[PDB]
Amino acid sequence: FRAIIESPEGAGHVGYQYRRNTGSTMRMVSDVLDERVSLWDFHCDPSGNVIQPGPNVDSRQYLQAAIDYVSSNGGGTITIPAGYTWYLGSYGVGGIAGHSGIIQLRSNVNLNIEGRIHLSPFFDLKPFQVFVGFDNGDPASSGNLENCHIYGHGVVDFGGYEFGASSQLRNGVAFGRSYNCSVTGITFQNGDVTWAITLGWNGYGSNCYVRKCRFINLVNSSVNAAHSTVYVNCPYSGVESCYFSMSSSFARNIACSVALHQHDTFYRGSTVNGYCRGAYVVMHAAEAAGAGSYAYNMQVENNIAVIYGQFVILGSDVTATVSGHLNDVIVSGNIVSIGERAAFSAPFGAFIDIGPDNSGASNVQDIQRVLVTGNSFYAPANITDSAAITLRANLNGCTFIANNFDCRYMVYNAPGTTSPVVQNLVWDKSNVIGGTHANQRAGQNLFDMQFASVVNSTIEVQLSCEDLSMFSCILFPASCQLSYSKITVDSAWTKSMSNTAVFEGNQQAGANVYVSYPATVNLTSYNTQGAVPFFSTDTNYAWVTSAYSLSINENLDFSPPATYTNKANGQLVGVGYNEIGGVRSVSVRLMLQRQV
């Protein structure tokens, strides 16, 4: 009996009944203790003696034994205890070896990480994926991971080790073909990794989430090829209320916070600092196996960001046998800025980027039904490479309403690069254009329409302050076709502008182009006393349907017409009034209109 009690079965001989309640189960202490489980229950030598964790102990095999055992009972939650750091010092074996895996996750087995998990220097200059939910080296032959949650106040620390080679991959949690899996509360820090968390695999998975996590300093070297903190690769999944921070120079050029790569995915309520990019919103044809060829219902909302490159990047692409499509996207309520940097010192600053594929192709995309609304964007005045939208690949539609954009360009694409085919670009008059870059725009077009063609598009320019440095508010080169479009420039703050809208190929003459913009025009009247015609001296107004005065008349003896039409020879003409006769000659600011 003494022997039984001191034995490992002792607690199984000590009776217990909850709160002395006579209606409660007559149990043994061991039954109640068996209701919970921790790493300490597996962190022992072959004789069953507990092993203290530390920098010289590899905890991997013990944590794997705990997970495997709990898995065998239909699941539960293993605690990783507070007040200790648990080092990992070797790779795992079996199915996860193909993924450079350390720990293998299993279905229904949750991890409550309250202490710290820290990679030992065995992993320096090596690939690794700390937690892996695949059960096979080939993800295509992998089983699923279901009902696996990682949560707590603890920490995953990547030991500060740099990558050994750019081709290597490193990850924190790869859930795999993951259904109802989540990470909540955890801080991931101090590394050089590719991703912190990945959700799903090529569309297989569902209901995976990352909530209230922190990601701190996860890129640190020039070796690191690329980094996206959370890659969402299964539908009905997302990231909310997270914090992302980088301090490395390299992060400003390579790091993105989130990738939304399947339908019905979201990125909300998060704060980003020190990253190149905010989010990719993409349908890769190569990733279309699990959930189809369409990324739709994509939501980026209510985030706060300081970045160095582009906030949201839109794209879709193709393989030999699959074509990716991106549609039904909303980007709203975000407040974003380009951090303090030299012009051209990081990838081109943008709120929205329509990005060419990984091979640089701009003629594979199928991006449409995007709404960008109620966001703020700001870039410091020196950052020439800042745009509301860098439209660098084919676009089948994007709508901008009620944003506030305060940067160098509104619409931009580099000339002599790609020549995008643009459809259904809508820029509503309710987009407010800020003045931070006023006086910086010598030689530049606010809306620089460097495309192959534009159709079914609306650009309603409204200034809110003067910028007389700019070459034009909007310019179309002669190589850009323009049809079935509406282009207007409001006259406010434009009286002293030489050029307002510029159509280098006279594209505003098109049958279904509807335009209006201010221009200065010289007119000369006949000498007749009374009602008298005034005609423009130049003949380039054959496209104008009406025009009206934007200038006061300093004269007593006559007045020019208030309104004008045109004539077949391209003159404007209207009827004014000579109180006394005489040939008149005036220079007037007019609002030129065509079909509006």
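One-based numbering along the sequence shown.
Comparing the deposited coordinates for 372-380 and 69-77, the stretch with the larger average C-alpha B-factor is 69-77.
Higher mean CA B-factor, judged across 199-207 and 137-145 from the recorded values: 137-145. Highest CA B-factor among 264, 162, 328, 467, as stated in the entry: 162. Per the deposited record, 99 carries the highest C-alpha B-factor of all listed residues (99, 341, 392, 284). When the modelled residues of the chain are ordered by their C-alpha B factor, residue 323 lands in the highest third. Among all modelled residues in its chain, residue 64 ranks in the middle third by Cα B-factor. In the PDB entry, a CA B factor belonging to the highest third of its chain's modelled residues is recorded for residue 33. When all modelled residues of the chain are sorted by CA temperature factor, residue 573 is found within the middle third.
In the deposited entry, the Cα temperature factor of residue 422 sits in the bottom third of values across the chain's modelled residues.
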